[PDB]
């Protein structure tokens, strides 16, 4: 899985997400990466987000559509990503599952070119490239 | 496509959605009916919704997850369905498309057993069955 | 106001009668919505769902379905051939696998492993109209 | 603050260099993100995307991808085999069909009709580890 979202010089957003999925998955298994609203969601009036993690868990929470509606509601890309993760933690616990077994992260971008990211578990990084160059950051 | 959502006597929600696709679709075409942000979304703390219409258009707008987040923001099932449709009308306009060529409808239910529905175009009905009886209503 | 069922279209009235047999007896909403939509999948005359569904371009009936319960458990199948009740195969994806969505051959392989029996879902009426469309 | 690209994980740094060749020249974000992720699909040592991707339990490499532009146009393929670049086939679903998502055989049929070439995406390394997992 790699997800990528960008704001161009005209100020338009777009995103792409592609994967070979979970290794040794059942035949015919599909994760979050080809699902609009789960692996990727872009609204040019608000912003965009891509997800990382257990495909199943991102589908179950329609993760990336949630992050963008949270930026629509007025959250910064950072705040939207954190609040979206915090909602998913509450759901993992309501399902009596152990958070150590679930990983979901989001990176997000709005129309001003502000960005942000957050995850359930530590250890994921994302790359940011603007006019300060290309850098690896940690959510 | 038939979508069905219910609140039981314990006060719990669930939903189901099933279809043969668009008649004479390309081999392998998938619409909104198997996609959890699009054809069906259920959150037991808030409510549930199922969609009707052109599969493509419900996927593009992650329709049913939008209706439920609108009830999470305090709209009645009716208001959430109408506001969700109104947002989709604005999007087919920005895509330079003719609304007469687009059909999308939602039916919704919240935790209190209140329900509602709305569509882009006339002509769709939905069936409601509670303790007062079964009935066909028009959004 | 509970229990309450809502479904889409005019055929949702008789699907609702079926769902209500579960709900009026204090049954689970999950069981009620599965039973409700299965009625329409079973009916060869309702040609937008299940058995009797109009095929794709090349003549195949491929079905899509998903189910979601009261605590974020989800199951889904898409473009599955030969199984009359995709909603039950989706319930089985939800309950019997660690996955949430199976498509194509892989969804049918799993259905057959769960004891669903392969059937011919193209009715004579649907082959006929398909061929009429191929002419047009 | 534009143009700006973000992608997931460490292999995202070098995918971003590729996306930036389009963006620094005033190119479309759609073209930039397609080019960015294609770099990783192309790379056999990138084991979780495209060509070096670890297979499913039956040793079949099946890829999933989707793309979305600035005006709600969307394209998607899932559980598609043998095509190295699923993001371009998803862009073609978006641009060349009335549909938005194609899966399985039907997604490969369409890719081949659009001139994409059939390829073996299972590297020797991935067959090896798969067989090691079958033992375990």
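Along the chain as shown, residues are numbered 1 onward.
The deposited model was determined using X-ray crystallography, 2.1 Å.
Positions of Cβ are set from backbone N, Cα and C atoms, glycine also.
Here Swiss-Prot flags A:29, A:30, A:31, A:32, A:52, A:53, A:54, A:55 as substrate binding site.
Structural mapping of features recorded in Swiss-Prot.
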residue: A:29; record: substrate binding site; Cβ contacts under 8 Å, 6 or more apart: A:21, A:22
residue: A:30; record: substrate binding site; Cβ contacts under 8 Å, 6 or more apart: A:21, A:55
residue: A:31; record: substrate binding site; Cβ contacts under 8 Å, 6 or more apart: A:1, A:19, A:21, A:22, A:25, A:39, A:55, A:56, A:58, A:59
residue: A:32; record: substrate binding site; Cβ contacts under 8 Å, 6 or more apart: A:17, A:38, A:39, A:51, A:53, A:55, A:56, A:58, A:59, A:63
residue: A:52; record: substrate binding site; Cβ contacts under 8 Å, 6 or more apart: A:1, A:3, A:103, A:104, A:105, A:106, A:107, A:119, A:124
residue: A:54; record: substrate binding site; Cβ contacts under 8 Å, 6 or more apart: A:102, A:103, A:104
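Cβ-based neighbour count (10 Å, all protein chains) for residue A:55 (substrate binding site) stands at 28.
For the substrate site, whose binding residues are given in the record as A:29, A:30, A:31, A:32, A:52, A:53, A:54, A:55, the maximum C-alpha distance rounds to 17 Å. The local packing around residue A:53 (substrate binding site), expressed as other Cβ atoms within 10 Å of its Cβ over all shown chains, amounts to 24.
Taking 8 Å as the upper bound (exclusive) on CB-CB distance to chain C, the binding-site residues A:29, A:32, A:52, A:53, A:54 give A:29 in sequence order. When the C-beta distance to chain D is held to under 8 angstroms, the binding-site residues A:29, A:30, A:31, A:52, A:54 reduce to A:29, A:30, A:31, A:52, listed in sequence order.
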